[PDB]
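Asks: Structure in structure tokens, see below.
Note: ideal-geometry Cβ built from the backbone for every residue, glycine included; neighbour counts use all protein chains shown. What follows draws every value from the coordinates through simple rules; no lab data is involved.
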């Protein structure tokens, strides 16, 4: 349908005039992730491309007018691709290649809000800095380029890689959460921007 074309132009290009950023495809030029269990393991991503946010669901919305706080529970099936360097800093080793991830991400976005009027009597939500909590990444499917998976097998001394061993653990969990976090920065930014245009009424 006609509007399908416009929707995918909005998700893919944003809307600059309203300061609405793209969400699908969402491009992140670089992003580094430190393994939560060992700061000597650093994953450096470049040219990440994330798709699936256009189909995301807000599965719960909560609000408390005393604290003026909001919780949004989010669910998304994401397909992530990027260049990767795995730095095993204390071994002085670097492994390069390509990485993909497919999984279902469940998050919680929390933010405060204020209520303000514009030079026009129009009354708005002002969305404060948000936090994103990664609640579930399901059982993700991860892939690595064959040169990279071979180098890791070679270095490990084992025909097959251990998904529970580092750096694979981080690739299957923390890296997905950090990338989803970066995606939701755009999502929430779009909420924040559209709330400065639309009046607080529009629910």
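Asks: How much mean residue ellipticity at 222 nm does the chain get from its helices, if each DSSP H run of length 4 or more adds -39500 (n - 2.57) and you divide by all residues, to the nearest 500 deg cm²/dmol?
Replies: On the way: 4 runs with 48 residues, N = 203.
The per-residue figure over the chain is -7500 deg cm²/dmol.
Asks: Any chance you could give the angle, 0 to 90 degrees and rounded to 10, that helix 174-194 forms with the longest Cα principal axis of the chain?
Replies: 20 degrees
Asks: A follow-up question, please. Between residue 9 and residue 61, what is 0.36 nm times their sequence separation minus the Cα-Cα distance? Round to one decimal in nm. Walk me through the numbers before you get to the answer.
Replies: Details: separation 52, 0.36 × 52 = 18.72 nm, distance 2.68 nm.
That pair, residue 9 and residue 61, stretches by 16.0 nm at full extension.
Asks: Let me see the pair-distance distribution of the stretch 17-89: every alpha carbon pair, 10 Å bin width, integer percents in order.
Replies: Histogramming the stretch 17-89 at 10 Å steps yields 16, 28, 33, 20, 3 percent.
Asks: Over all pairs of distinct alpha carbons, what does the Kirkwood formula give as the hydrodynamic radius of the chain, in Å? Don't skip to the end; give the middle numbers.
Replies: Numbers: mean 1/r = 0.0533 Å⁻¹.
That comes to 18.8 Å for the chain.
Asks: Spin-label point model (7 Å from Cα, Cβ direction): what's the residue 197 to residue 17 distance in nm?
Replies: Taking the two extended label points, one gets 0.9 nm.
Asks: Residues in the stretch 115-158 near a label at residue 79, defined as backbone nitrogen under 16 Å from the 7 Å Cα→Cβ point?
Replies: Label zone hits: 141-144.
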